[PDB]
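Enquirer: I'd like to ask some things about the structure below.
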Amino acid sequence: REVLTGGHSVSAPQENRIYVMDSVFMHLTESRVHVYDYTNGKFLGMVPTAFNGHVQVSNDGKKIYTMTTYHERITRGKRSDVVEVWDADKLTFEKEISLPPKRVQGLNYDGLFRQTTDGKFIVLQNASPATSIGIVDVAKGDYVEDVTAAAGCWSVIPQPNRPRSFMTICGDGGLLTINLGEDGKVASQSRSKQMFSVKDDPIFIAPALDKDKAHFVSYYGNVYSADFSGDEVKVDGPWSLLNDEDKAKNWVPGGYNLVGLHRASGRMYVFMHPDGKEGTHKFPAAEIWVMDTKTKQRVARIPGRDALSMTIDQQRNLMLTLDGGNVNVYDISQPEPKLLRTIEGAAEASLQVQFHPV
Amino acid sequence: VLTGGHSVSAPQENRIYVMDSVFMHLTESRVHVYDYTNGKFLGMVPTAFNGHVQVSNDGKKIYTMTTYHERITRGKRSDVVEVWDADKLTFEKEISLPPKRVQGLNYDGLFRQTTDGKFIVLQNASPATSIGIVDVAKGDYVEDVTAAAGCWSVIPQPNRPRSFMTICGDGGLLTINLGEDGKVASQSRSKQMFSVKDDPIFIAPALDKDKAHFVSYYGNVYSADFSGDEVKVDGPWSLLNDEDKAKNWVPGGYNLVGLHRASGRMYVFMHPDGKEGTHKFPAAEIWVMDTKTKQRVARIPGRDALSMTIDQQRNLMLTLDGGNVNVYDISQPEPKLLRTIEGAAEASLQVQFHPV
Amino acid sequence: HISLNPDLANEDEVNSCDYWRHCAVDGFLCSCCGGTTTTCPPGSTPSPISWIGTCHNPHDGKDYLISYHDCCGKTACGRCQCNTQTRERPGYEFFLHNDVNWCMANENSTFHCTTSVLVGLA
Amino acid sequence: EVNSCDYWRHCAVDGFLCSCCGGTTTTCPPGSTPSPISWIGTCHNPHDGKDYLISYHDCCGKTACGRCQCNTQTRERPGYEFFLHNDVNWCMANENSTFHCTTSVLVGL
Ligand SMILES: NCc1ccc(Cl)cc1
Ligand SMILES: NCc1ccc(Cl)cc1
């Protein structure tokens, strides 16, 4: 009377889709991406990602990219680090791209697995434990460049105003910029002046990224900026997130993917908690603060719902927040964000959520 | 004291093996090793997708059965038995199986060994059923017992070096007797023990040295005697008195029975308000039956247990509710609860003692 | 007749373990996993084999054969786990048995979720 | 005391304490392999009021222990100070990189 069928595509349009990267830390060999409809909380599908997967969506919205590690017998046997390309609508495996066996194994900060703005190269963090940045040519389906110049640096910040340029944060408190050629090899590079004191005012790696500049927040609630409108990055800061009332309660930032920028308005979103001291930099958000990055002033504050990570959609004026297991959806069209809904049990252990590009 | 290379810290006689399916993340199943005397976690053995486990009769090795694929959710399949050192909890040897080992919940009877310890005997389903024989010494799959088609599970015969039985769809038992090489030497089929349609049995045996007892969905007991050359069957006798029947008490669970051989006491998980579909319900009570007098000698709270196992020499019963392991002294007719090991697993339906 | 088509029912009804056709389901309901009662979630593969249940429909008073085909080759969905056992039997009645993986004969046997397919009248 | 996340030596552990996993504070459970590399924490010893370097060598090549998970961050820094950073797998260079549990080994003052 009935027959079971497969071959089906995701039920909801791409514009409704978000990607919750579930590390499943308690069983880290079975990490996966959960695909949700943010408009109604419906579970749409998933992509398995083996040990400590990372994920992003292709800039053109057609494909999902994952990064993971396999072994012939899981806990023994030969190691294979790979990037996989999956169809976004069918959620099916298409291709594997081999990597050298040193891809970063770590928590899902955005900046560990990125792409150039033109979408032609996947750019990932390696650690052997010596650090370098790896380049994967999407058209070729091959690894094409190990950026050893980035030794002593960490994470990838793409420059949205250039096709194949990115920055990384270095142990000297400055930024290294890498400009790739069309072949994916380093065409040129430059190193900024010192932006922050590594010892005295360490920054969180997560950027609040604009078209031509990036802002970073520090362990002590300061803000630093890197302007890449030109070929050489110009650095500035600190200004403080805190006013005089805020200082009394020792407000400081905390989280993982803990900042975001709404580019049209210049509003930066930051997870904050009181009673800051040494060791509280990954604490859940007591509040979300909304800062005007031009006036250097807070314009709003709202309860944080214990959030640890966020992401912003520019076009629809939305912010998602994530507490490890639940995703909150906010309308950020006005300075004070408005909570629309919460998707409960989206993951067991996720520190990263992303929108499908539209 | 060096950093690695250590053996399990508690003596073998204290060890138990909780097979955690981790059903929510079934590709990361594992065996957790505990000390039953104090609840201490002693170590673990990873077992990939839906692992099964047993300890070698001689106590020296752990045997696992599992499935790998080159890329987990794609790529070539490898079904294997693995041999691990029991004390070091280290991998030693892989034995290749045909890609049809049973993928299923951890009933004891799906993964066993001969009395003499020389062969591993395992259940296959392709979905056609056969029983596989693995020569431990040779590290080889040596025989596919397709004569066991239409049957299910392995009940070793503790009175013979390399014989076992299986339960078949006719309501009888097939005995297989292996040769020195592990190929089938002889076999025999019993008369009908139970009605498959009218009084289906749970597969789990309450196993004695030369006899096995089985309980049914409706609370009856059947037996198979293998002291002779051929198996003799009988039953039913009922577990239930008139009060029990009026309250619809029936058995329920997975590895739901056990036998204390010295006393002839059989242990069974039971629940009230039995009806179609309640055969896997957690225990409201554990009942203790004298299999000679056919009378119940005790009933105690079940603590929602689903599976059990017995240690003869120490007069112990372990029960398991999926996550917690309860330890009972069964030296007297009424069991006494000694302790509970909380959080021994996330999704386990099988616990086993280290052999002593 | 309306109770014979899960696609016309309220999603909260069909996603519940007590929905009439789920009477011998041991696993995650595919309808909670991005699929429907009779379609696999994207990128998961139907099992050609299955166990079969006989389930009573209390809406029309008739009994139906239900085929519990799995969707396979992705890791555990984890949502709407059910463990109902109406008319389920042990492995010596193998195609009535649900403590085995009915993905066992797929190209990739990883168990993702379970569907409840209407075969017809019992 | 040593199985508690508040034990002073565990001040930069992001993982499972090996002492709850069949090992000890300074030894790997059976069949897990020590990492040759690690992040290092600076932890305050309340008994003598002194601060000590603690090395967090992981034990590797078995799947997650799952017991005594801790997430303490005293003096922990991001990946641009790589050997102070605990959001990466310090089993990353092992023959098998699967993360099992973390040890807390006293190096010195
Ligand atoms: N230091 C714990 C840890 C292990 C593995 C991964 Cl991937 C991340 C963090
Ligand atoms: N029918 C559910 C199920 C899936 C997998 C395994 Cl191994 C056993 C049972």
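By convention in this document, the chains of the structure tokens carry letters A, B, ... by their order, each chain's residues are numbered from 1, and ligands are numbered from 1 in the order they are shown.
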Per residue of chain B within 6 Å of ligand 2, what are the shortest atom pair and its distance in Å to one decimal, counting only C-alpha atoms and all ligand atoms, with rows by chain and residue number, as a Markdown table?
Expert:
```
| residue | atom | partner | partner_atom_place_in_ligand_line | distance |
| --- | --- | --- | --- | --- |
| B:50 | CA | ligand 2 | 7 (Cl) | 5.1 |
| B:103 | CA | ligand 2 | 7 (Cl) | 4.3 |
| B:104 | CA | ligand 2 | 7 (Cl) | 3.6 |
| B:105 | CA | ligand 2 | 8 (C) | 5.0 |
```
Enquirer: With a distance threshold of 7 Å and counting only C-alpha atoms, extract the residues of chain D near chain B and express them as a list in words.
Expert: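 For chain D, the answer reads residues 20, 21, 22, 26, 27, 28, 29, 30, 31, 33, 34, 62 and 63 of chain D.
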Enquirer: Generate a file of the selected residues that holds C-alpha atoms, formatted as a compact mmCIF listing (two decimals), in the first residue's frame.
Expert:
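See part01.txt below for the written result:
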```
# COMPACT_ATOMS: atom_id res chain seq x y z
CA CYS D 20 37.96 8.97 37.73
CA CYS D 21 38.73 6.83 34.68
CA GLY D 22 40.81 4.00 36.15
CA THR D 26 49.57 11.30 37.24
CA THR D 27 48.93 8.02 35.40
CA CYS D 28 46.93 6.94 32.38
CA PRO D 29 44.17 4.38 32.65
CA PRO D 30 45.07 0.94 31.27
CA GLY D 31 45.38 0.96 27.49
CA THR D 33 48.66 6.39 25.87
CA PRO D 34 50.20 9.57 27.38
CA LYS D 62 40.56 5.41 23.79
CA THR D 63 37.20 7.11 23.41
```
Enquirer: Got a sec to pull out which chain B residues are within 9 Å of chain A, counting only C-alpha atoms, and send them as a list in words?
Expert: residues 22, 25, 26, 27, 28, 46, 48, 68, 69, 70, 71, 72 and 73 of chain B
Enquirer: Provide as a ChimeraX atom specification the residues of chain B at most 8 Å from chain C, counting only C-alpha atoms.
Expert: /B:23-27,49,72-75,77,100,102-105,125-127,150-153,167-169,200,202-203,276-280
Enquirer: Please produce an output containing N, CA, C and O atoms for each residue in the selection, written as a tab-separated table (two decimals), in the first residue's frame.
Expert:
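Here's the written file result-v6.tsv:
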```
chain	number	residue	atom	x	y	z
B	23	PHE	N	23.29	3.82	22.85
B	23	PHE	CA	22.37	3.77	21.70
B	23	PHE	C	22.18	5.13	21.04
B	23	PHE	O	22.05	5.20	19.80
B	24	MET	N	22.20	6.21	21.82
B	24	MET	CA	22.09	7.56	21.24
B	24	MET	C	23.25	7.94	20.33
B	24	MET	O	23.09	8.86	19.49
B	25	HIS	N	24.41	7.32	20.57
B	25	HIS	CA	25.61	7.49	19.76
B	25	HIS	C	26.23	6.12	19.55
B	25	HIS	O	27.33	5.87	19.95
B	26	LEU	N	25.48	5.27	18.85
B	26	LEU	CA	25.77	3.82	18.79
B	26	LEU	C	27.10	3.47	18.14
B	26	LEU	O	27.62	2.37	18.33
B	27	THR	N	27.71	4.41	17.40
B	27	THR	CA	29.06	4.19	16.87
B	27	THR	C	30.18	4.30	17.88
B	27	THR	O	31.32	4.02	17.53
B	49	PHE	N	30.72	0.41	16.54
B	49	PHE	CA	29.29	0.36	16.34
B	49	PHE	C	28.71	-0.93	16.94
B	49	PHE	O	29.06	-2.04	16.53
B	72	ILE	N	33.07	5.23	8.40
B	72	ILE	CA	32.01	5.08	9.41
B	72	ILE	C	30.61	4.93	8.81
B	72	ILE	O	29.98	3.86	8.95
B	73	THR	N	30.13	6.00	8.17
B	73	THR	CA	28.81	6.03	7.52
B	73	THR	C	28.87	5.76	6.00
B	73	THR	O	27.82	5.74	5.32
B	74	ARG	N	30.08	5.54	5.50
B	74	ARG	CA	30.31	5.10	4.13
B	74	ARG	C	31.63	4.33	4.08
B	74	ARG	O	32.41	4.34	5.03
B	75	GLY	N	31.87	3.68	2.95
B	75	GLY	CA	33.08	2.92	2.76
B	75	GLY	C	32.90	1.45	3.14
B	75	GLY	O	31.82	1.01	3.55
B	77	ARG	N	32.82	-2.17	4.73
B	77	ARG	CA	32.51	-2.77	6.02
B	77	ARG	C	33.54	-3.84	6.43
B	77	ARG	O	33.92	-4.66	5.61
B	100	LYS	N	28.20	-10.17	8.15
B	100	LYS	CA	26.88	-10.50	8.56
B	100	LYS	C	26.76	-10.78	10.07
B	100	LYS	O	25.79	-11.38	10.49
B	102	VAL	N	25.62	-10.40	13.79
B	102	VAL	CA	24.39	-9.81	14.26
B	102	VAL	C	24.63	-8.42	14.82
B	102	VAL	O	25.50	-8.22	15.68
B	103	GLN	N	23.84	-7.48	14.32
B	103	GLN	CA	23.77	-6.13	14.90
B	103	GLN	C	22.49	-6.09	15.67
B	103	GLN	O	21.39	-6.20	15.12
B	104	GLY	N	22.64	-6.03	16.99
B	104	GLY	CA	21.50	-6.06	17.86
B	104	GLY	C	21.84	-5.87	19.32
B	104	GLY	O	23.01	-5.80	19.72
B	105	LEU	N	20.78	-5.76	20.10
B	105	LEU	CA	20.89	-5.59	21.56
B	105	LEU	C	21.65	-6.76	22.17
B	105	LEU	O	21.68	-7.88	21.64
B	125	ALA	N	23.29	-12.72	10.94
B	125	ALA	CA	22.02	-12.48	10.27
B	125	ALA	C	22.30	-11.64	9.04
B	125	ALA	O	22.91	-10.57	9.13
B	126	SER	N	21.87	-12.15	7.89
B	126	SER	CA	22.15	-11.46	6.64
B	126	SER	C	20.99	-10.89	5.82
B	126	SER	O	21.29	-10.22	4.82
B	127	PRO	N	19.70	-11.10	6.13
B	127	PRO	CA	19.10	-11.46	7.42
B	127	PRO	C	18.90	-12.98	7.65
B	127	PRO	O	18.44	-13.37	8.71
B	150	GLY	N	16.83	-20.23	10.62
B	150	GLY	CA	15.49	-20.28	11.19
B	150	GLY	C	15.56	-20.41	12.72
B	150	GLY	O	14.52	-20.46	13.37
B	151	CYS	N	16.77	-20.46	13.23
B	151	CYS	CA	17.01	-20.51	14.68
B	151	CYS	C	17.67	-19.21	15.15
B	151	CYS	O	18.09	-18.35	14.33
B	152	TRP	N	17.83	-19.10	16.47
B	152	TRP	CA	18.40	-17.87	17.04
B	152	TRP	C	19.05	-18.07	18.40
B	152	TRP	O	18.47	-18.69	19.29
B	153	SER	N	20.26	-17.54	18.53
B	153	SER	CA	21.06	-17.49	19.75
B	153	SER	C	21.80	-18.80	20.11
B	153	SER	O	21.46	-19.87	19.61
B	167	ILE	N	17.82	-21.98	19.69
B	167	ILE	CA	16.38	-22.05	19.71
B	167	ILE	C	15.82	-21.83	18.32
B	167	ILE	O	16.21	-20.87	17.64
B	168	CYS	N	14.95	-22.73	17.86
B	168	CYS	CA	14.50	-22.70	16.48
B	168	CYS	C	13.02	-22.35	16.35
B	168	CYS	O	12.25	-22.45	17.30
B	169	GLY	N	12.61	-21.98	15.13
B	169	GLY	CA	11.26	-21.55	14.87
B	169	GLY	C	10.16	-22.59	14.95
B	169	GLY	O	8.98	-22.25	14.87
B	200	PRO	N	5.39	-18.26	23.56
B	200	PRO	CA	6.75	-17.99	23.20
B	200	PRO	C	7.63	-17.77	24.41
B	200	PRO	O	7.19	-17.10	25.37
B	202	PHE	N	11.20	-16.38	26.28
B	202	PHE	CA	12.36	-15.50	26.22
B	202	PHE	C	13.57	-16.33	25.87
B	202	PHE	O	13.72	-17.48	26.32
B	203	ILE	N	14.48	-15.78	25.09
B	203	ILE	CA	15.67	-16.56	24.70
B	203	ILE	C	16.71	-16.81	25.81
B	203	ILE	O	17.52	-17.74	25.74
B	276	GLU	N	-0.35	-8.07	26.07
B	276	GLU	CA	0.45	-8.02	24.86
B	276	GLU	C	1.24	-6.72	24.79
B	276	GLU	O	0.66	-5.61	24.89
B	277	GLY	N	2.55	-6.88	24.65
B	277	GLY	CA	3.46	-5.75	24.48
B	277	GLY	C	4.26	-5.36	25.71
B	277	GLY	O	4.99	-4.37	25.65
B	278	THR	N	4.13	-6.09	26.83
B	278	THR	CA	4.83	-5.72	28.07
B	278	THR	C	6.05	-6.59	28.40
B	278	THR	O	6.64	-6.48	29.47
B	279	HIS	N	6.47	-7.41	27.44
B	279	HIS	CA	7.55	-8.37	27.68
B	279	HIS	C	8.96	-7.80	27.92
B	279	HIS	O	9.88	-8.50	28.37
B	280	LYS	N	9.15	-6.51	27.62
B	280	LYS	CA	10.43	-5.87	27.86
B	280	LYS	C	10.32	-4.78	28.95
B	280	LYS	O	11.22	-3.96	29.09
```
Enquirer: Give as a PyMOL selection string the residues surrounding ligand 1 up to a distance of 10 Å, considering only C-alpha atoms and all ligand atoms.
Expert: (chain A and resi 23+25+28-29+51-54+104-108) or (chain D and resi 12-16+38-39+56-58+60+64+69-71+85-92+97-102)
Enquirer: Would you give me, as a list in words, the residues in stretch 33-260 of chain A that DSSP reads as alpha helix (DSSP H)?
Expert: residues 244, 245, 246, 247 and 248 of chain A
Enquirer: Store the residues of this selection in a file with N, CA and C atoms, as an mmCIF file, in the first residue's frame.
Expert:
```cif
data_model
loop_
_atom_site.group_PDB
_atom_site.id
_atom_site.type_symbol
_atom_site.label_atom_id
_atom_site.label_comp_id
_atom_site.auth_asym_id
_atom_site.auth_seq_id
_atom_site.Cartn_x
_atom_site.Cartn_y
_atom_site.Cartn_z
ATOM 1 N N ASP A 244 31.152 53.903 34.211
ATOM 2 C CA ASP A 244 31.553 53.897 35.624
ATOM 3 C C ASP A 244 30.701 52.955 36.489
ATOM 4 N N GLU A 245 29.384 52.932 36.276
ATOM 5 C CA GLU A 245 28.500 51.979 36.994
ATOM 6 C C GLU A 245 28.919 50.534 36.742
ATOM 7 N N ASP A 246 29.334 50.235 35.512
ATOM 8 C CA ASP A 246 29.670 48.855 35.150
ATOM 9 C C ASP A 246 30.901 48.365 35.906
ATOM 10 N N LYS A 247 31.808 49.283 36.219
ATOM 11 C CA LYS A 247 33.066 48.909 36.860
ATOM 12 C C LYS A 247 32.881 48.352 38.269
ATOM 13 N N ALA A 248 31.861 48.848 38.953
ATOM 14 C CA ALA A 248 31.546 48.456 40.327
ATOM 15 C C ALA A 248 31.307 46.958 40.447
#
```
Enquirer: Rounded to one decimal in Å, what is the spacing between atom CA of residue B:266 and atom CA of residue B:288?
Expert: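 Straight-line distance from atom CA of residue B:266 to atom CA of residue B:288 works out to 5.6 Å.
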Enquirer: Closest to residue C:116 among A:3, A:310, A:103, A:188, using only C-alpha atoms?
Expert: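 Closest candidate: A:3.
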Enquirer: Fewer than 4 positions away in the same chain doesn't count, so skip those; otherwise give me all residues within 9 Å of residue D:83, counting only C-alpha atoms, as a PyMOL selection string.
Expert: chain D and resi 37-41+77+79
Enquirer: Any chance you can output those residues with N, CA, C and O atoms as a PDB file, in the first residue's frame?
Expert:
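Here's the written file again-v1.pdb:
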```pdb
ATOM      1  N   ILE D  37      53.125  15.955  24.468  1.00  0.00           N
ATOM      2  CA  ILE D  37      52.950  17.406  24.516  1.00  0.00           C
ATOM      3  C   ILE D  37      51.702  17.727  25.330  1.00  0.00           C
ATOM      4  O   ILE D  37      50.877  16.858  25.576  1.00  0.00           O
ATOM      5  N   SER D  38      51.573  18.974  25.761  1.00  0.00           N
ATOM      6  CA  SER D  38      50.460  19.377  26.611  1.00  0.00           C
ATOM      7  C   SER D  38      50.398  20.874  26.719  1.00  0.00           C
ATOM      8  O   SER D  38      51.386  21.556  26.442  1.00  0.00           O
ATOM      9  N   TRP D  39      49.257  21.383  27.177  1.00  0.00           N
ATOM     10  CA  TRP D  39      49.191  22.754  27.665  1.00  0.00           C
ATOM     11  C   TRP D  39      49.609  22.708  29.134  1.00  0.00           C
ATOM     12  O   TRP D  39      49.591  21.644  29.754  1.00  0.00           O
ATOM     13  N   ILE D  40      50.013  23.864  29.659  1.00  0.00           N
ATOM     14  CA  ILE D  40      50.478  24.012  31.038  1.00  0.00           C
ATOM     15  C   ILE D  40      49.609  25.061  31.743  1.00  0.00           C
ATOM     16  O   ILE D  40      49.239  26.067  31.144  1.00  0.00           O
ATOM     17  N   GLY D  41      49.257  24.796  33.000  1.00  0.00           N
ATOM     18  CA  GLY D  41      48.492  25.729  33.830  1.00  0.00           C
ATOM     19  C   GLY D  41      49.351  26.294  34.945  1.00  0.00           C
ATOM     20  O   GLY D  41      50.332  25.673  35.351  1.00  0.00           O
ATOM     21  N   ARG D  77      44.794  30.905  28.223  1.00  0.00           N
ATOM     22  CA  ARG D  77      44.842  31.937  27.203  1.00  0.00           C
ATOM     23  C   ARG D  77      44.531  31.340  25.827  1.00  0.00           C
ATOM     24  O   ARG D  77      44.576  30.130  25.657  1.00  0.00           O
ATOM     25  N   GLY D  79      44.607  30.585  21.522  1.00  0.00           N
ATOM     26  CA  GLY D  79      45.568  29.806  20.773  1.00  0.00           C
ATOM     27  C   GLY D  79      46.814  30.516  20.270  1.00  0.00           C
ATOM     28  O   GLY D  79      47.777  29.858  19.842  1.00  0.00           O
TER      29      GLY D  79
END
```
Enquirer: When DSSP works through the backbone of this structure, what residues of chain D end up as strand (DSSP E or B), shown as a ChimeraX atom specification?
Expert: /D:14-17,24,27,33-34,39-45,50-56,58-60,69-71,88,99-102,105-108
Enquirer: Just give me the gap between atom CA of residue A:156 and atom CA of residue A:203 in Å, one decimal is fine.
Expert: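 For atom CA of residue A:156 relative to atom CA of residue A:203, the distance reads 14.6 Å.
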Enquirer: Atom CA of residue A:325 and atom CA of residue A:349 are how many Å apart?
Expert: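 These atoms are spaced 6.0 Å apart.
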Enquirer: Give me, as a tab-separated table, the closest atom pair and its distance (Å, one decimal) for every residue of chain A within a cut-off of 7 Å of chain C, counting only C-alpha atoms, rows sorted by chain and rising number.
Expert:
```
residue	atom	partner	partner_atom	distance
A:1	CA	C:119	CA	5.1
A:2	CA	C:118	CA	5.5
A:3	CA	C:117	CA	6.7
A:4	CA	C:38	CA	5.0
A:5	CA	C:39	CA	5.0
A:6	CA	C:40	CA	5.0
A:7	CA	C:42	CA	6.5
A:8	CA	C:42	CA	5.1
A:9	CA	C:42	CA	5.4
A:10	CA	C:42	CA	6.2
A:43	CA	C:34	CA	5.6
A:44	CA	C:34	CA	4.1
A:45	CA	C:34	CA	4.9
A:48	CA	C:75	CA	6.3
A:90	CA	C:42	CA	5.4
A:91	CA	C:43	CA	5.2
A:92	CA	C:43	CA	4.8
```
Enquirer: Which is closer to chain D than all the others in A:153, A:290, A:358, A:186, using only C-alpha atoms?
Expert: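 When distances to chain D are compared using only C-alpha atoms, the smallest one comes from A:153.
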Enquirer: If we count only C-alpha atoms, what is near stretch 45-53 of chain D at a cut-off of 10 Å, once residues fewer than 4 positions away on the same chain are taken out, given as a PyMOL selection string?
Expert: chain D and resi 7-9+40-41+104-109
Enquirer: Grab the residues selected above and save them as a compact mmCIF listing (two decimals), in the first residue's frame with C-alpha atoms.
Expert:
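Result file follows (part_39.txt):
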```txt
# COMPACT_ATOMS: atom_id res chain seq x y z
CA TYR D 7 41.12 20.43 43.48
CA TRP D 8 43.85 23.09 43.18
CA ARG D 9 45.98 21.24 40.61
CA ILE D 40 50.48 24.01 31.04
CA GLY D 41 48.49 25.73 33.83
CA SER D 104 47.47 16.94 36.18
CA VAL D 105 51.22 16.61 36.77
CA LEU D 106 53.12 18.96 39.11
CA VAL D 107 56.16 20.34 37.27
CA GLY D 108 57.48 22.92 39.75
CA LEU D 109 57.08 26.45 41.11
```
Enquirer: I'd like to know which of D:4, D:84, D:78, D:103 is closest to chain A, using only C-alpha atoms.
Expert: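 Closest candidate: D:78.
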